[PDB]
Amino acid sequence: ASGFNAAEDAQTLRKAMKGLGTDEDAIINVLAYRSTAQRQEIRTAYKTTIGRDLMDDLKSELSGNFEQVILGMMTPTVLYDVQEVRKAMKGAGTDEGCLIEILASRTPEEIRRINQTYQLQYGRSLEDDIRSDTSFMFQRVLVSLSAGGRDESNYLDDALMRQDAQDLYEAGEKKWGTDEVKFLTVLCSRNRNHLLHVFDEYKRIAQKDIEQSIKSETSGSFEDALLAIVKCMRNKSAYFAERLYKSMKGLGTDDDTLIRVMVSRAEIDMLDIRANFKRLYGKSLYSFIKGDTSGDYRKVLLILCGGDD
């Protein structure tokens, strides 16, 4: 909020938590209305102003889904990224959907810090953890991205770029699983300027847009990420929305994802994602999140959304 005081409102985060039960309806009407920076500032305050460690108290009196979400809002940015990718990183199927929605989506200086922390917090790095838990070819894409060796200068190299689209047909006809230099690099190496412009010469050299062809040559998780990168690097909020739709859709809700997206993306482009949902899925994301959730769990999300229409 405008002119915030960590300790003062932190005295309410305590007042409300006080006594068996909790006044959760007001947690949203303080915590969900601050920026993250200010939230962690609440943390500083609740430490010295109360004396217990806030994050745990939240986590020692809040129920289920409302804990993973308030938690996400209460966590600092890179640590939502590091701790998330960790969460995602093994079990069954490695929620490679998250490793697809945590790598493609961050910029190269953004991915790099996160490696340093997934090493640090735990002991051994992202790519190490990637190599077992993700496999074979799709692994490659992930390995490339987690390193972060990607061109940052917005610049079009008209020849290698025109050559690259040429190659994406070469390594277009061979499932994109041949000559492990194109599909990976061409997408996971050259700056969005050089990238989309080859995306001008593939819609030309090939008459079949790079999108379509990625789906009709390639298949599976590989395809998900290769194709994730195209969405992130053409319009990132249209992918965060494609994801949203792609969580809240279907039998039941695939909570976790929508949780990490809602929490995370909440402060970069939610009024942007939202437009690419009004058109893309002819309705609002608000209302999508309205019928597919419960009480103050939905209610705080109707605020990480930020409203209807």
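One rule holds for the numbers: they count along the sequence shown, beginning at 1.
Chemist: Per the PDB record, is the mean Cα temperature factor higher over 87-95 or over 211-219?
Modeler: Stretch with the greater average CA B-factor: 87-95.
Chemist: Out of 274-282 and 63-71, which stretch has the higher average CA B-factor listed in the record?
Modeler: Of 63-71 and 274-282, the stretch with the higher C-alpha B-factor average is 274-282.
Chemist: Looking at the C-alpha B-factor values in the deposited entry, which of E180, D224, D133, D164 comes out highest?
Modeler: Most elevated C-alpha B-factor of the set, per the entry: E180.
Chemist: Among the candidates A32, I268, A37, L54, give the one with the maximum CA B-factor reported in the record.
Modeler: Answer, based on the entry's C-alpha B-factors: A32.
Chemist: Would you please rank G123 by its C-alpha temperature factor against the other modelled residues of its chain and give the third it falls in: lowest, middle or highest?
Modeler: Answer is lowest: the recorded C-alpha B-factor places it there.
Chemist: Sort the modelled residues of this chain by their C-alpha B factor and say whether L304 lands in the lowest, middle or highest third.
Modeler: Its C-alpha B-factor belongs to the lowest third of this chain's values.
Chemist: Using the temperature factors of the C-alpha atoms in this entry, rank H194 within its chain: lowest, middle or highest third.
Modeler: For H194, whose C-alpha B-factor we compare with every modelled residue in the chain, the answer is the lowest third.
Chemist: How does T185 rank on Cα B-factor within its chain, lowest, middle or highest third?
Modeler: Highest third.
Chemist: Within this chain's modelled residues, let me know which third the CA B factor of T48 belongs to: lowest, middle or highest.
Modeler: CA B-factor rank for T48: middle third.
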